[PDB]
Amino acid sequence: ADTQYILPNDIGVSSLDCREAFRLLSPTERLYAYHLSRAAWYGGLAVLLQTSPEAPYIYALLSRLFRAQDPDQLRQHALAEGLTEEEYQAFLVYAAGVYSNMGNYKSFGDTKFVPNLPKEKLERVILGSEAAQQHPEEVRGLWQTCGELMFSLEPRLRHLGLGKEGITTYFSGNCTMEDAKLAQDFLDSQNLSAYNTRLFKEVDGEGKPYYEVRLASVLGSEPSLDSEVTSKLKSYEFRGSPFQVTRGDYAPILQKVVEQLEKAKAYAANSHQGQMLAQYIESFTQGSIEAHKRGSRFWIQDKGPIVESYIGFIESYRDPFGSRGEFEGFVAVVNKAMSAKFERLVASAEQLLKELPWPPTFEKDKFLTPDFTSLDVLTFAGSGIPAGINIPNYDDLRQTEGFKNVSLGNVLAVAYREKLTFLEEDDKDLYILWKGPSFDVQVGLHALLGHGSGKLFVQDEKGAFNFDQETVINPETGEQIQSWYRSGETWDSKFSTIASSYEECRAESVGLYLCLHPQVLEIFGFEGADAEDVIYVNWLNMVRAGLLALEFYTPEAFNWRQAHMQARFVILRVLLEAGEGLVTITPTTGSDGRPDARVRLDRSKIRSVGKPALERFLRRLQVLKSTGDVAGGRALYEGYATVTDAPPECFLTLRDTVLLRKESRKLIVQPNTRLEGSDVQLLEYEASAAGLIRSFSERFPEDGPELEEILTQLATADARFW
């Protein structure tokens, strides 16, 4: 666990490749990508504030440091100061790792990381630097501030979480889960969306806590403009404890953002963008979520756009509670050639939903061709760059009108035999061959029928429903539905901690399930000597992932650090339970002599045993999701998600091997867009920590020290919570 918290100097780095796709765009489309890229870039910094207390200061310090001297320039100083190269290089790694993750905690696994190097040396490198001979006040006023927490390994700072265990800036420092829950119910009572809000608890002389629910908006509480949020800014009372709904969270940043978006408007290919954008403006201005909802609908009402875009507080993964969303944004061009091979899958999508283990009344009421694309990414702001996504994240819309499916094409081209660990010399062959092609399948299904399926049972205001009660029955029980989602209630608001992992698990499982279908393979051009292989490598990869997931599980807190990995582990356990020698984990020994493991998946037993385990599973998951049954959902999940040393596996003992063979993910550098006035051009870098540093130091040529200054301030304001 020494290296759990550091980034190896040899970490792989790749540059997102988009040129052609950016070229084909005529100037109008171009700028219409441009300003969105810049807005996204502007807003993505708030992730520093949403990640760690010391993050913003770090970003400022780094940006300045490299602004004064680039990697090659600062190198000479670093080395001259007595640093061996292998040290400085590790520093560069740490900076790039803070840039890509928009913080000092990994977007994947939510674990802290520090520069690998003696502190006393970096003190030198930073102080003796050119940047410190120019503004010697700042460098010391920062280095003294964020210096330690940069390298701090103290147990409680290692992972993310509420209470004494971890660190989260979504909440104040004194908040426990109890608070997230209380304030949660309080949010659903007034039906406030938890996405854009943060909870800050405070205490007076007597031990009575008061709660500040803050919203992210450009305009803090002041004489209002007469919007929704207007009437919503006031004091409330909840169960012997006070509540206050306020706004103005990360204001100036969103100033910049709304700017760039409005600059985006006039270039819109149709009314849809030009308006939905404005809606986003409203949302990031008033702090009104509904405003984002509207533009979220418009965004699907728009189809087949040359340039695809989106932004907001969206994915809820990194909230210890699981409600509040992490800000992001993206602008990417739609590739045509690879999209048709998806649109196909959309055309025949209708049928498949009815192949799911639950009756048509347990599934969404109509259907759609919401969209499925292949996007070459230009700008993706925030902590990470997903392979594919299904949004907007509002379920209600998913059933009523629709959603969208997004397969990013050029991220793939980036991520692709001794590192094949926990496989066999066969296998890995098939793995190398079919991993890439199958990837598209698993993603298409995950996105389309993963979250595309399912239906929520909600109680509308009046005692009526969104469905017909007397005709609906639970196949597991046989009774008539006794549970549902009532007004203001939502997936995250109920399942919370599990909601993300649970849902993801469902999606992936449907992935395998339908991956077993001849049709889908015919869509991806797989059959005969082909249709085997791909399927196999897919399932095999799923079980293997189930094994690797151990790394992201914290036994001491009995807590999982990720939704996807945890879900994968769960699926693995289900398969294991199916038994019949279909799956095996063997405590082998690697050629190096150290410990090791080999995952053994009998392929012949796939349909005879595994499938049943699956559709039973899916059946249960769905069933509990429709009625929104948390008791059964958890009991069924946290049981499956439990990690112990019981044989004939001993996951507690395996986890160590998983950590020894552990991998550290690579970094994806991103290109910029420079404004020439009447023209715009693209700025690309090398694939390396250095290149990425160069990408970030050039990211904000105009306001860079201004933005740095902001982050510094916005941090200093809330410094009293941690």
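A residue's number is simply how far along the shown sequence it sits, counting from 1.
In the deposited sequence, the stretch from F558 to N559 has no residues without coordinates, so the chain runs on without a break. In this entry, the higher average B-factor at the C-alpha atoms falls on 444 to 452, of the pair 444 to 452 and 151 to 159. In this entry, the higher average B-factor at the C-alpha atoms falls on 260 to 268, of the pair 78 to 86 and 260 to 268.
In this structure the maximum Cα B-factor among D110, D429, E577, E551 is found at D429. Among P648, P115, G633, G207, the highest C-alpha B-factor recorded in the PDB entry belongs to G207. In this PDB entry, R239 carries a Cα temperature factor that places it within the middle third of its chain's modelled residues. Per the deposited record, the Cα B-factor of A464 falls in the highest third when ranked against the other modelled residues of its chain.
Among the modelled residues of its chain, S678 has a C-alpha B-factor that falls in the highest third, as given in the PDB entry. When the CA B factors of the chain's modelled residues are split into thirds, the value for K181 lands in the middle one. Per-chain ranking of the deposited C-alpha B factor places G43 in the middle third.
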